[PDB]
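Next comes just one chain, in structure tokens: the form deposited in one PDB entry.
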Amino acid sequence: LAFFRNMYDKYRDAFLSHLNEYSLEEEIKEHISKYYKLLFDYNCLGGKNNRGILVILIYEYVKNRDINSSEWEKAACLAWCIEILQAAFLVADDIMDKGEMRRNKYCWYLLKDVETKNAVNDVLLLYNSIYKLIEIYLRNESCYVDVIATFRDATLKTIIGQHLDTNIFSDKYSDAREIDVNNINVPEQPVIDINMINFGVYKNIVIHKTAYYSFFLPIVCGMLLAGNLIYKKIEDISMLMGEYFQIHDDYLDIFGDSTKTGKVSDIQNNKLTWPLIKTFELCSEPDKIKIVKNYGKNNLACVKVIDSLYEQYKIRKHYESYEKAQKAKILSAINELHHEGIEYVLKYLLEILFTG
């Protein structure tokens, strides 16, 4: 916890030390270390660190045993690797969804010294640094290969979830005619596709976009390192928590205080959100047409229309009801684990998800 955060500099500098070993002119070496030290600091720090903490807690409580400082070094490494993964995903996402603020400060890709060209390159750098760190600290552990496979697999699922989140209402999904490889015009205005507006599609997307890397990955890391039918049960719980987490994120996107969430766009970006689905199943026929006419447009007035509907239909109150039922369903599954230590960590995680 306090320990996990004191260790950040070590992992950052181990990776920067690897870059420093390249055959480059000294002046070039100093520019590189200065740029990359900021890349990490700006993007890795400031989060709730829920995912990193989950690794440290699971590694410890999987089994009450003596754990020495050499072993902790390896666990804190994996913990920071997941925070670095979060960093890469968030820089990418802000490029993709045209973010403005993240963790209460300008998105990385907006800085004029960075711009989109550097941010894209930086995403791949952060992403690859994970595997370099894992090699530096865990290369001789027997779980080595499984740990990197787990990071790889979760990332692949996250990428598919992000593809779906980005394209679920797009022409190529609506008119499922092939992609015109000769068309480089602006696409026409994005619009919602009512046939995709259901919870089954939504779960598909969010489980892949969120559940695998935010819950399954950290728990599986903690367990693999600690040293089997159970991984299946933990996977089911992760799916439930990822959906719970993402729906709360959707709620914050439109009902949250940007000064508290640290970020400013779902409606503008034409996303399939929980508030959208909930409204669509409850609202009148004229209001469905109003949603189709107004959703996914940049115009602030179009957005207010959607926002007013969410108020008209008391979506804030529907969320509260969903939150209570989902938490119960999650605790329910956690109790069917039959593993005291892991159950204990997951219950604490559940209490602390939204604050950290």
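Note that residue numbering follows the sequence shown and begins at 1. The term rigid core refers to the maximal set of C-alpha atoms that superpose within 1.5 Å between the two forms.
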Note whether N68 lacks coordinates in a third or more of the other compared entries that model its flanking residues. no
Is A176 missing in a third or more of the other PDB entries that were compared? yes
Unmodelled stretch from the deposited sequence between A176 and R177, which bin: none, 1 to 3, 4 to 9, 10 or more? 1 to 3
Between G227 and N228, the number of deposited residues left without coordinates comes to 4 to 9
Where do the C-alpha atoms have the higher mean temperature factor in this entry, in 243 to 251 or in 86 to 94? 243 to 251
Using the B-factors recorded in the PDB entry, average over the C-alpha atoms of 179 to 187 and of 125 to 133, then report which stretch comes out higher. 179 to 187
Member of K233, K74, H163, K271 with the greatest C-alpha B factor (per the PDB record): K233
Per the PDB entry, maximal CA B factor within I342, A14, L24, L19: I342
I148 by Cα B-factor - lowest, middle or highest third of the modelled chain: lowest
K37 CA temperature factor, ranked by third within the chain: lowest
Consider only the C-alpha atoms of the modelled residues in this chain, order them by B-factor as the entry records it, and name the third containing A154: lowest, middle or highest. lowest
Among modelled residues of the same chain, the CA temperature factor third for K117: lowest
Third of chain Cα B-factors occupied by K209: lowest
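We do not show the form deposited in another entry, though everything after this point is about it.
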Which residue in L38, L300, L45, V292 stands out, with a C-alpha shift of 2 Å or more between the shown form and the other one when both forms are set on the rigid core? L300
